[PDB]
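Here's the structure we're looking at; comments come further down.
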Amino acid sequence: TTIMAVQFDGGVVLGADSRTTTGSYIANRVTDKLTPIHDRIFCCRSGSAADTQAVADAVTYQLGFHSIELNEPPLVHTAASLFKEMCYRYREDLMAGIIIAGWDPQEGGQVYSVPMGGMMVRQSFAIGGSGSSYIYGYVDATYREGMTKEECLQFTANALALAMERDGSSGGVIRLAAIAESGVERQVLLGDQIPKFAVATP
Amino acid sequence: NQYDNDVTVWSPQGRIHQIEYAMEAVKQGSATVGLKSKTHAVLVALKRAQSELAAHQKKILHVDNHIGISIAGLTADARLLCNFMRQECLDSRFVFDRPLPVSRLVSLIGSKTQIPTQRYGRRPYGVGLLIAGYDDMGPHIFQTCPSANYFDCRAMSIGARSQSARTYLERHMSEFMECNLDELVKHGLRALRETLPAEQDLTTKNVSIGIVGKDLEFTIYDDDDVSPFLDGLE
Amino acid sequence: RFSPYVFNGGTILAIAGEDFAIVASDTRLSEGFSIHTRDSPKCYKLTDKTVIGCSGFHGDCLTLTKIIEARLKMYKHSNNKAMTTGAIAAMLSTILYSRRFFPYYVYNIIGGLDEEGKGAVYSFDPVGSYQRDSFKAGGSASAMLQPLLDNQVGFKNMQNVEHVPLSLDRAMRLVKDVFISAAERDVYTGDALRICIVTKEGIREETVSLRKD
Amino acid sequence: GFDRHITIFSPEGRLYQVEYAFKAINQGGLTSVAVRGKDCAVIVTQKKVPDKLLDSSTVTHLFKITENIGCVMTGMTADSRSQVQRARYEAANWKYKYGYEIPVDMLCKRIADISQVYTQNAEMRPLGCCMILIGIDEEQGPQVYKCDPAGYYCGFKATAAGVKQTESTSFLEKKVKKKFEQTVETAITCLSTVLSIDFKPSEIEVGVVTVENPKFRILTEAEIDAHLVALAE
Amino acid sequence: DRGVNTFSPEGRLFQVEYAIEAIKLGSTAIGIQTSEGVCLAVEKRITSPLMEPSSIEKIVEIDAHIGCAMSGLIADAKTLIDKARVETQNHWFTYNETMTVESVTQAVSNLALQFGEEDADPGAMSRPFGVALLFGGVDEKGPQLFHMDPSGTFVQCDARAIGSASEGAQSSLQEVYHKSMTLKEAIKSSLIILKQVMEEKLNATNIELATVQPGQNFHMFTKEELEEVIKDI
Amino acid sequence: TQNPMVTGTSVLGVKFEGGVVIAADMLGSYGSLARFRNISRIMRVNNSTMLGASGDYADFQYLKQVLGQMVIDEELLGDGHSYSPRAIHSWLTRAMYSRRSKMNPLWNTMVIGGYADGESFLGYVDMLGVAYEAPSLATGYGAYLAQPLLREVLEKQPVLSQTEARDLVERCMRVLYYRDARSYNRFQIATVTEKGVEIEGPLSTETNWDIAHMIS
Amino acid sequence: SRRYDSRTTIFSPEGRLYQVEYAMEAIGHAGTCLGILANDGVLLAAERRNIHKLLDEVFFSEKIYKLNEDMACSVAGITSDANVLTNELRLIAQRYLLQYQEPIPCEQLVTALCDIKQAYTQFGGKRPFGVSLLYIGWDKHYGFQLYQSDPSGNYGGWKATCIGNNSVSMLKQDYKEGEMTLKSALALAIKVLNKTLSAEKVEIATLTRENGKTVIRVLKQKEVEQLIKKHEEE
Amino acid sequence: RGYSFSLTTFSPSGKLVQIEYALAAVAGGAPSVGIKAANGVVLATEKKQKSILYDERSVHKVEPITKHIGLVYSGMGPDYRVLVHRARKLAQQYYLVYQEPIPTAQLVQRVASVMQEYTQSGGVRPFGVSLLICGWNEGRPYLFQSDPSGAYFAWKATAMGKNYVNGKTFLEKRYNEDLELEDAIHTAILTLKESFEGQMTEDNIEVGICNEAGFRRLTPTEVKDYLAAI
Amino acid sequence: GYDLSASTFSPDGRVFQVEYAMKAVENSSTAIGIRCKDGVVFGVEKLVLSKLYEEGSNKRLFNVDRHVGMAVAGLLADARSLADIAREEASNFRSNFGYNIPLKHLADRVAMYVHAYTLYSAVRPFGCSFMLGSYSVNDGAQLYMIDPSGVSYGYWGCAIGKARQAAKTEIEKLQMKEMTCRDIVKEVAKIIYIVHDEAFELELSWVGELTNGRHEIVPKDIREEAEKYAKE
């Protein structure tokens with residue numbers, strides 16, 4: 001479980017690993033922790049698995065009903081706000097450190113973080129999950145300012161490659177999703193597409 | 001009159017047909033007069049004695065910690081409304097630990113007596129309050145009504161034949177925003193001394209007044225303490 | 001998992017003479033090992049003739065004084081008569097008992113004077129058991145001030161000293177020395193006791209400092 | 001006693017509230033005719049602004065239930081938005097409760113059923129608006145439905161709703177027995193042959209759905225203007 | 001008809017001004033506050049002579065130092081006499097003292113104009129309490145009696161008459177009381193009952209008299225005390 | 001209690017002739033992990049009152065939306081009558097005591113301050129409801145560390161100019177950078193004066209590591 | 001609204017109950033099914049609706065309903081209501097078993113049903129249950145016994161009472177109260193029904209026993225063709 | 001909210017005024033026949049719309065209750081749809097507790113139980129739909145009819161809706177106790193053919209049978225088939 | 001007697017408890033609202049009864065959410081009630097969804113509130129027409145007006161009250177689209193002084209680029225500048 005989301009310019013670039021471990025057994029080698037909730041706004045999901053997608057389709061219900069009620073595309077701040085409320089009110093029963101992203105037409109690239117306690121902050125890059133403690137040095141050192149789509153694509157790609165390489169509860173294919181004006185352009189990285197790094201030998 | 005099953009119905013012109021008739025039901029009540037200065041607002045009430053003799057059904061009431069009232073209509077319904085107003089004024093003493101401002105007080109009772117005007121089979125609170133208090137700015141005074149439509153007024157009189165007291169008190173507004181307590185309450189009693197049936201005296205028995213404002217608690221003057229207020233011959 | 005009480009400390013004393021009631025206090029509220037403030041009174045002027053002292057957990061002391069203050073006001077213009085002192089003691093006994101199963105952890109002492117004029121002082125456990133006395137400090141240095149004015153007020157275990165009734169000079173000098181002694185010996189000292197003293201003509205409030213450490 | 005007061009049975013049946021509620025949908029009258037295409041359910045209605053002081057964009061009937069279902073209603077417009085909000089509520093509640101997005105038929109069954117429980121219980125009036133609502137599912141073609149204020153949804157080809165309902169359905173019945181994706185001689189011409197205005201592209205609202213693009217689209221004066229100048233045959 | 005919470009084309013409620021009636025119906029009671037007590041009396045109007053007259057409770061002691069005297073629609077007061085004594089021992093319980101008479105009279109008169117058709121749970125009241133009564137009581141302020149209405153209006157009183165003799169006995173009582181007890185107000189009040197006489201010359205079987213004096217608590221008079229007083233007139 | 005909540009560390013403040021200044025570091029420490037750096041813990045409310053937070057930050061976002069909604073709601077009644085910092089302190093006190101009274105407590109421990117009509121104000125509201133007023137406050141480990149520097153100068157002179165108080169809390173915040181483990185470099189300093197609430201963030205601490213090279 | 005309510009729970013000025021005696025006239029329109037007890041067991045004797053071929057098979061009829069092993073009931077008046085209440089009272093029977101492990105002596109059951117049916121005519125503003133149903137049963141305490149109730153609420157031991165039209169007076173000149181000998185009770189039942197007839201248009205059902213346990217027979221077809229030829233004159 | 005007083009009440013004659021009005025609203029409804037047959041039933045009905053404009057595959061009048069029990073109505077339109085909703089729910093309570101498809105008799109018990117309290121209970125008017133029931137239930141088929149009162153009767157044949165006296169007399173004339181399969185369909189077709197108001201269109205009638213394999217609607221190619229075999 | 005209950009139609013489909021509420025705002029004073037490109041300007045007629053009432057004795061320009069306004073017409077009790085529950089409604093939106101409430105959703109919400117309140121005999125309809133108005137930085141100067149029937153329309157220059165038969169004509173002849181709100185504050189007095197045909201102690205409030213999404217009673221200077229449109 002490791003999630004990245006980088007606001008590059010205009011839109012954002014997501015990224016998520018793919019394992020669902022029952023402690024020490026990968027129950028699902030291929031899952032999409034990326035999920036759409038309306039059109040452009042995607043939420044990710046970390047921590048537990050059963051609660052967080054009940055939150056995800058609950059806010060697909062509330063955000064979709066609100067968006068059709070306004071006849072306008074909703075802001076990402078709306079979805080992160082009812083993530084703050086829906087995750088905050090049930091904070092002692094949920095392990096859902098979801099970090100969301102999307103392109104609203106009003107502002108632009110927005111990436112919000114809703115951590116395990118349940119709150120809302122806006123970040124340039126966000127990060128969250130089990131393995132998402134092994135790459136604060138790399139993401140803190142490499143992310144410069146105002147990067148473009150291809151270098152945040154490979155930046156999220158090799159950051160998640162480090163985190164899937166070092167965590168045991170994180171691995172498999174990684175899924176990228178670049179939310180922009182022209183819709184989502186998602187893809188997967190199947191094996192050799194992972195930027196494998198050399199191990200030093202002692 | 002098929003408009004007798006009637007706080008749900010509308011008369012075909014515009015009329016709701018009995019919560020203006022509750023305004024009749026406070027026209028029927030006893031007369032009173034309140035007013036305000038630049039510093040401290042006063043309340044003056046004459047108390048009807050429909051008995052042997054009595055405390056004459058004491059009108060002006062202690063609600064507060066400087067937001068005093070003057071009822072005029074039903075008495076049990078008035079006491080219910082001032083247990084409401086009293087209890088949540090003390091609740092604003094409890095929570096916020098400030099004096100509850102007079103405007104929010106009269107507005108939320110103006111939303112509390114407005115609910116039975118709305119719904120079914122529930123009479124309006126047939127009582128015309130004449131509340132008066134001293135918040136942060138000048139000492140306000142509010143008539144409110146059983147039609148749940150309060151008025152940020154100055155120098156208002158409500159009750160039986162109180163219109164003559166208004167038309168005295170309308171043509172004597174120029175000597176307000178001055179005129180300290182000793183000469184102000186004289187100017188209110190000679191405003192009250194027109195609702196009486198033209199025979200001579202504001203006695204110490206029936207007149208009970210109340211003072212509220214700068215650096216003094218809402219203070220009730222009963223049978224004894226109204227006797228230092230004495231003047232006028234007409 | 002939470003421990004909803006701490007012990008913010010403080011020791012408060014009240015003495016009932018024959019026309020007065022010296023409700024002493026202290027100032028320093030503090031838990032753990034760091035002090036918070038040195039201004040905080042613990043004697044609250046309820047009516048002109050009733051003064052509470054209130055020690056223990058400070059937030060629940062505070063809410064308790066809000067409740068007994070607001071219900072004193074709820075009494076006073078429901079009967080057009082002020083409270084007495086014993087009625088304050090009774091309704092505070094049923095306020096303290098009414099929330100028993102998550103109790104008001106607070107030791108409070110109600111001083112003041114009676115209807116006829118003689119001073120009385122009501123003591124309380126944190127669940128509510130009132131006895132009128134002429135002494136009984138309470139709350140942090142409860143077991144320290146008590147044996148002195150068991151002796152210098154009650155005259156117990158003491159032969160024929162020809163004991164005189166107390167006054168506003170002997171009992172005045174009997175409150176300052178016990179709080180400088182407990183300022184030496186207790187940890188929850190107080191730095192400036194604020195003796196809310198009650199009399200027949202009204203109320204005044206003397207303050208004098210202590211061992212500030 | 002109270003036959004014409006309460007939604008109860010009079011003698012000979014004929015509870016006298018639903019036809020008093022049917023006469024409520026003719027109040028004023030801004031009139032919808034819906035056209036169905038073996039591949040395109042177009043929507044037509046007329047809409048009159050009073051005084052060029054209304055905002056013409058805000059006044060409409062033409063609501064959007066979801067990304068696949070549109071609707072238009074000709075009743076009293078007070079009772080319209082209370083009915084369309086519950087239809088949006090049951091659409092989103094269907095998508096949260098049963099997975100897939102709701103198909104057009106049992107949506108109209110469900111709002112027909114709450115309109116039934118309006119006209120079954122007393123102490124509530126059956127609210128006077130009928131819901132011409134279109135939409136496409138995966139299995140069948142485009143559909144169109146109308147629940148009345150009594151709850152009797154039918155499943156239509158081409159009815160209409162509002163004032164001049166009978167002239168419209170007579171024109172459509174006379175002009176469907178002949179056999180239309182363009183719907184140029186059917187959709188507007190029902191209005192221009194019933195009430196004879198031969199509209200400029202302001203007063204007409206058109207909402208299409210197509211099989212090639214099932215998203216509900218409300219058209220503007222450009223494309224409806226080309227649609228109107230195509231009436232030059 | 002019309003309901004209970006409606007105002008009358010005179011100016012007041014229907015059920016309240018109808019509750020002023022059924023006080024003319026029923027027995028008569030009188031009370032005199034003095035400077036050293038308060039006396040209450042009631043001619044409880046025995047119907048037949050085949051029977052037992054000393055169980056028609058019309059002088060009821062709320063507490064040891066509050067005694068009430070009801071009339072009108074009898075036995076409708078028992079719920080609010082119950083509320084009077086339960087509120088009394090609640091006051092003594094929570095406050096450890098005696099009461100006033102305006103606190104029990106304050107507490108009962110809140111229940112008078114507290115009814116209605118559609119309200120909270122059906123343990124509420126429908127009609128107003130059609131019983132006028134007055135609490136003779138002694139306080140630390142003074143002995144006093146508080147005449148209630150069915151409207152919830154309660155007033156200070158020192159000489160008040162209720163029941164059917166609310167005009168002639170009240171006007172007679174208006175001219176015969178100014179000074180103090182000195183043992184003869186209780187003998188100049190049954191004299192007013194002696195003028196009132198309906199069926200029988202006011203012996204110690206048809207009137208119930210009780211005084212509340214500041215030294216004692218109360219004294220519901222027994223038979224030989226009553227006929228000791230009646231012998232003196 | 002159940003999870004590694006996202007916390008702060010300290011909002012220390014001092015009043016002065018003029019107004020009152022409070023200061024806090026921007027840190028979202030997820031239990032020995034500085035997960036959130038740029039995170040403001042200084043709430044502005046109506047123009048004469050301020051508000052901090054030391055404990056759980058999620059509960060501070062709950063309090064910033066209920067304080068914000070309450071103060072705009074009573075702000076739009078017109079008729080003057082804004083909240084004196086009496087009432088924010090007392091309402092926050094009754095909110096937290098009524099919150100632990102049902103054993104579902106707010107976990108943050110803040111200090112609210114503000115300049116009223118006459119004089120300034122600096123009040124502490126605890127997790128449990130322990131509320132008071134003080135000439136100078138500090139929350140968390142600042143109450144162990146910044147508190148001696150505050151109640152040393154204020155025992156000498158209980159009168160401060162604005163630059164003396166501002167340098168005082170800058171120096172105390174530097175001390176909490178030196179000793180407190182859950183402390184971050186940059187911090188918002190924030191002052192309310194006669195002209196109102198203003199927040200000057202973010203600042204830095206000039207560190208003095210010159211004693212490091214004497215270790216053998 | 002109070003204009004709309006039928007006001008069922010109102011006394012007449014003559015003191016009676018308007019919606020209750022309208023149910024008593026509902027019994028006289030449709031109703032038959034007398035019941036006779038003996039020293040031996042008890043029988044119902046009933047009538048179906050009409051001659052209308054178009055009726056395939058009733059397991060039990062629409063008239064005689066089984067309640068326990070030792071009780072049964074028959075129904076007059078409105079058939080839509082009573083079905084509900086008989087399932088209702090059936091529940092009562094079984095829960096007495098759940099409370100006591102007894103086969104519910106029938107007077108307990110009749111008392112319970114009459115209490116809830118009295119509760120529908122007491123308050124709630126609803127219409128009363130328009131059925132004067134009756135009961136047959138046995139307990140170890142008393143003998144064979146039948147009870148009879150009505151929509152008012154009262155009931156009784158009504159040894160030979162019929163319900164519905166053409167009212168039982170002949171039975172109170174013919175019933176021998178001491179001994180009855182249940183075959184002759186069948187003969188008296190087909191006498192009364194012969195004055196007021198095979199099992200196309202009759203429904204007679206008996207309650208008997210063997211060795212302690214009760215047997216409720218519905219008197220299958222050919223027994224009726226026996227008893228219908230058991231006359232010559234009557 | 002709500003009324004909590006019954007609007008259905010007793011006449012001074014001693015009868016229910018609302019229920020006879022409900023049977024009037026049934027008797028002004030569309031005619032529908034139902035024929036119990038020796039192995040299976042047939043429940044025909046008449047779908048005459050206003051014009052030739054509607055979708056005759058959209059709404060149904062034959063529609064099952066979840067296993068093998070269809071029910072056809074005559075009278076009010078959507079009150080029927082409520083009774084189908086309640087009937088399917090009651091059949092699924094029974095199926096989840098007793099793990100068999102519901103006996104037809106018990107379904108008619110519970111549907112007649114839910115139609116009773118709308119003759120009482122707070123302002124609701126009775127339904128005014130006298131729908132009739134089918135069902136195979138083990139061994140021999142069943143047929144019933146729940147009146148808007150709440151009564152129910154089982155038989156061999158009936159009609160309802162418009163001019164149902166002619167349907168009951170005509171089915172009393174032409175019925176045999178062994179008359180079993182498609183001959184019942186035949187006489188059902190020539191019971192609706194009796195009036196129909198004209199021309200006997202296959203899109204204006206629909207039938208439903210219970211031929212020992214579950215209730216099933218008949219496809220429109222099968223009714224027109226026997227309309228070719230008239 | 002097909003009157004007196006909102007759950008009973010006419011025999012031609014016209015719920016009389018709604019049109020009796022509509023004339024119940026036609027016997028109350030005017031309150032005009034004029035949209036322009038930088039915001040919406042309100043102006044309310046006052047019908048000051050005695051000298052005893054002071055300035056702003058009854059507010060009729062309420063505000064709700066720190067940007068939308070409440071020019072009301074009918075019964076001030078009912079209008080004040082739906083004003084405060086509009087305050088609670090934007091409170092639940094801002095607390096619930098974070099984003100500041102767009103006005104179309106608030107007008108549809110309060111609109112269906114006061115409409116769904118006219119479907120029952122257990123309530124009366126409201127007796128108060130009222131209008132809203134604000135603009136976000138990308139909204140446009142949205143205002144809506146709501147009848148006691150519950151219908152809500154977007155307008156430009158809507159006017160409710162007694163003399164709306166007069167008031168709609170001048171707002172129609174005033175140039176509507178392209179002027180910068182300060183002049184129309186001034187021009188509002190010309191409408192109010194024309195439609196008052198009898199103390200007319202009027203009151204104005206707006207939202208604009210001089211306000212940045214707020215409300216102010218005027219500030220107070222046009223009250224001595226738009227008073228100088230006497231003699232017209």
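The chains in the structure tokens are called A, B, ... from first to last as shown; in each chain the residues are counted from 1, and the ligands are counted from 1 in the order shown.
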Filtered DSSP result for chain E, state strand (DSSP E or B), as a PyMOL selection string:
chain E and resi 7+13+28-33+38-43+59-63+66-69+134-137+144-148+154-157+159-162+207-212+219-220
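Within 10 Å of residue 184 (chain F) there are residues 8, 9, 24, 25, 26, 27, 28, 29, 34, 37, 173, 174, 176, 177, 178, 180, 204 and 205 of chain F, counting only C-alpha atoms and ignoring same-chain residues fewer than 4 positions away.
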Write out, as a PDB file, in the first residue's frame, the residues just selected, with C-alpha atoms.
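The result, stored in part-v6.pdb:
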```
ATOM      1  CA  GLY F   8       0.966  19.891  16.880  1.00  0.00           C
ATOM      2  CA  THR F   9       3.164  20.751  19.771  1.00  0.00           C
ATOM      3  CA  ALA F  24       2.972  28.266  16.986  1.00  0.00           C
ATOM      4  CA  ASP F  25       4.957  26.113  14.594  1.00  0.00           C
ATOM      5  CA  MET F  26       3.410  24.680  11.460  1.00  0.00           C
ATOM      6  CA  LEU F  27       3.770  20.942  11.956  1.00  0.00           C
ATOM      7  CA  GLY F  28       1.528  17.953  11.323  1.00  0.00           C
ATOM      8  CA  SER F  29       3.602  15.368  13.176  1.00  0.00           C
ATOM      9  CA  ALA F  34       6.704  15.302  10.148  1.00  0.00           C
ATOM     10  CA  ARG F  37       4.867  20.810   7.116  1.00  0.00           C
ATOM     11  CA  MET F 173      10.053  29.443  20.055  1.00  0.00           C
ATOM     12  CA  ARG F 174      13.769  29.044  19.357  1.00  0.00           C
ATOM     13  CA  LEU F 176      11.312  24.860  21.748  1.00  0.00           C
ATOM     14  CA  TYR F 177      13.158  24.295  18.489  1.00  0.00           C
ATOM     15  CA  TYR F 178      16.204  23.319  20.539  1.00  0.00           C
ATOM     16  CA  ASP F 180      11.170  19.799  21.985  1.00  0.00           C
ATOM     17  CA  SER F 204      12.486  31.054  11.043  1.00  0.00           C
ATOM     18  CA  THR F 205      14.787  30.566  14.017  1.00  0.00           C
TER      19      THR F 205
END
```
Which neighbours of residue 11 (chain D) fall inside 9 Å, counting only C-alpha atoms, when residues of the same chain fewer than 2 positions from it are skipped, and could you give them as a PDB file with N, CA, C and O atoms, in the first residue's frame?
```pdb
ATOM      1  N   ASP D   3     -66.819  13.966  -0.593  1.00  0.00           N
ATOM      2  CA  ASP D   3     -66.321  13.336  -1.805  1.00  0.00           C
ATOM      3  C   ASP D   3     -65.405  14.250  -2.594  1.00  0.00           C
ATOM      4  O   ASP D   3     -64.380  13.794  -3.111  1.00  0.00           O
ATOM      5  N   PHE D   9     -63.386   7.628  -2.031  1.00  0.00           N
ATOM      6  CA  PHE D   9     -64.320   7.190  -3.055  1.00  0.00           C
ATOM      7  C   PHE D   9     -65.647   7.917  -2.942  1.00  0.00           C
ATOM      8  O   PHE D   9     -66.266   7.949  -1.876  1.00  0.00           O
ATOM      9  N   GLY D  13     -67.653   5.138  -7.927  1.00  0.00           N
ATOM     10  CA  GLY D  13     -66.213   5.288  -8.061  1.00  0.00           C
ATOM     11  C   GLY D  13     -65.864   6.750  -8.243  1.00  0.00           C
ATOM     12  O   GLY D  13     -66.501   7.628  -7.653  1.00  0.00           O
ATOM     13  N   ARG D  14     -64.849   7.007  -9.076  1.00  0.00           N
ATOM     14  CA  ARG D  14     -64.467   8.343  -9.552  1.00  0.00           C
ATOM     15  C   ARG D  14     -64.137   9.273  -8.380  1.00  0.00           C
ATOM     16  O   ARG D  14     -64.919  10.148  -7.994  1.00  0.00           O
ATOM     17  N   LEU D  15     -63.013   8.974  -7.739  1.00  0.00           N
ATOM     18  CA  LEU D  15     -62.547   9.821  -6.652  1.00  0.00           C
ATOM     19  C   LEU D  15     -62.198  11.204  -7.193  1.00  0.00           C
ATOM     20  O   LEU D  15     -61.397  11.342  -8.121  1.00  0.00           O
TER      21      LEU D  15
ATOM     22  N   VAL H  17     -70.052   2.224   3.644  1.00  0.00           N
ATOM     23  CA  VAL H  17     -70.325   3.078   2.500  1.00  0.00           C
ATOM     24  C   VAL H  17     -69.140   3.133   1.547  1.00  0.00           C
ATOM     25  O   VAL H  17     -69.323   3.231   0.329  1.00  0.00           O
ATOM     26  N   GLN H  18     -67.919   3.046   2.070  1.00  0.00           N
ATOM     27  CA  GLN H  18     -66.749   3.160   1.212  1.00  0.00           C
ATOM     28  C   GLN H  18     -66.486   1.887   0.433  1.00  0.00           C
ATOM     29  O   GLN H  18     -65.950   1.939  -0.676  1.00  0.00           O
ATOM     30  N   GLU H  20     -68.724  -0.422  -0.724  1.00  0.00           N
ATOM     31  CA  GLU H  20     -69.614  -0.540  -1.871  1.00  0.00           C
ATOM     32  C   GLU H  20     -69.252   0.455  -2.964  1.00  0.00           C
ATOM     33  O   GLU H  20     -69.458   0.177  -4.152  1.00  0.00           O
ATOM     34  N   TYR H  21     -68.676   1.598  -2.586  1.00  0.00           N
ATOM     35  CA  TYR H  21     -68.131   2.509  -3.583  1.00  0.00           C
ATOM     36  C   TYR H  21     -66.874   1.928  -4.211  1.00  0.00           C
ATOM     37  O   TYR H  21     -66.587   2.180  -5.386  1.00  0.00           O
ATOM     38  N   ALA H  22     -66.116   1.147  -3.440  1.00  0.00           N
ATOM     39  CA  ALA H  22     -64.945   0.478  -3.985  1.00  0.00           C
ATOM     40  C   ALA H  22     -65.342  -0.615  -4.961  1.00  0.00           C
ATOM     41  O   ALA H  22     -64.676  -0.809  -5.981  1.00  0.00           O
ATOM     42  N   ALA H  24     -68.034  -0.408  -6.670  1.00  0.00           N
ATOM     43  CA  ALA H  24     -68.451   0.362  -7.834  1.00  0.00           C
ATOM     44  C   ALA H  24     -67.256   0.742  -8.699  1.00  0.00           C
ATOM     45  O   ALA H  24     -67.330   0.667  -9.932  1.00  0.00           O
ATOM     46  N   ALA H  25     -66.145   1.138  -8.074  1.00  0.00           N
ATOM     47  CA  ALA H  25     -64.956   1.500  -8.839  1.00  0.00           C
ATOM     48  C   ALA H  25     -64.297   0.276  -9.460  1.00  0.00           C
ATOM     49  O   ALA H  25     -63.631   0.386 -10.495  1.00  0.00           O
TER      50      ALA H  25
END
```
Write out as an NGL selection string which residues come within 6 Å of region 58-74 of chain I when counting only C-alpha atoms, dropping same-chain ones fewer than 6 positions away.
(:B and (151)) or (:I and (25 or 28 or 87 or 127-134 or 161 or 213-214))
Based on only C-alpha atoms, which of the residues in chain F come within 10 Å of chain A? I want them as a ChimeraX atom specification.
/F:1-7,30,33-40,56-62
Which residues of chain C come within 7 Å of chain E, and what is each one's closest atom pair and distance in Å (one decimal), counting only C-alpha atoms, sorted by chain and residue number, as JSON lines?
```
{"residue": "C:79", "atom": "CA", "partner": "E:103", "partner_atom": "CA", "distance": 5.9}
{"residue": "C:87", "atom": "CA", "partner": "E:95", "partner_atom": "CA", "distance": 4.8}
{"residue": "C:90", "atom": "CA", "partner": "E:95", "partner_atom": "CA", "distance": 5.3}
{"residue": "C:91", "atom": "CA", "partner": "E:94", "partner_atom": "CA", "distance": 5.3}
{"residue": "C:94", "atom": "CA", "partner": "E:94", "partner_atom": "CA", "distance": 6.5}
```
Skipping near chain neighbours, those fewer than 2 positions away, what residues fall within 10 Å of residue 56 (chain D) using only C-alpha atoms, listed as number ranges by chain?
D: 47-50, 52-54, 58-60, 202-203; I: 153-156
Quick one: everything within 9 Å of residue 116 (chain F), counting only C-alpha atoms, minus sequence neighbours fewer than 3 positions away in the same chain. Send it as a PyMOL selection string.
chain F and resi 19+48-49+84-86+119-121+194
Using only C-alpha atoms, select each residue of chain E with any atom at most 6 Å away from an atom of chain B, and give the selection as a PyMOL selection string.
chain E and resi 2+5-6+11+152-153+155-157
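Of the listed residues E:4, E:86, E:60, E:183, the one whose atoms come nearest to residue 17 (chain E) is E:4, with distances taken using only C-alpha atoms.
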Chain D near chain A within 8 Å: what's each residue's closest atom pair and its distance in Å to one decimal, counting only C-alpha atoms, ordered by chain then ascending residue number, as JSON lines?
```
{"residue": "D:64", "atom": "CA", "partner": "A:68", "partner_atom": "CA", "distance": 7.5}
{"residue": "D:65", "atom": "CA", "partner": "A:68", "partner_atom": "CA", "distance": 7.4}
{"residue": "D:66", "atom": "CA", "partner": "A:68", "partner_atom": "CA", "distance": 6.6}
{"residue": "D:88", "atom": "CA", "partner": "A:65", "partner_atom": "CA", "distance": 7.4}
{"residue": "D:89", "atom": "CA", "partner": "A:65", "partner_atom": "CA", "distance": 7.4}
{"residue": "D:92", "atom": "CA", "partner": "A:65", "partner_atom": "CA", "distance": 6.0}
{"residue": "D:93", "atom": "CA", "partner": "A:61", "partner_atom": "CA", "distance": 7.4}
{"residue": "D:95", "atom": "CA", "partner": "A:61", "partner_atom": "CA", "distance": 7.5}
{"residue": "D:96", "atom": "CA", "partner": "A:61", "partner_atom": "CA", "distance": 5.8}
```
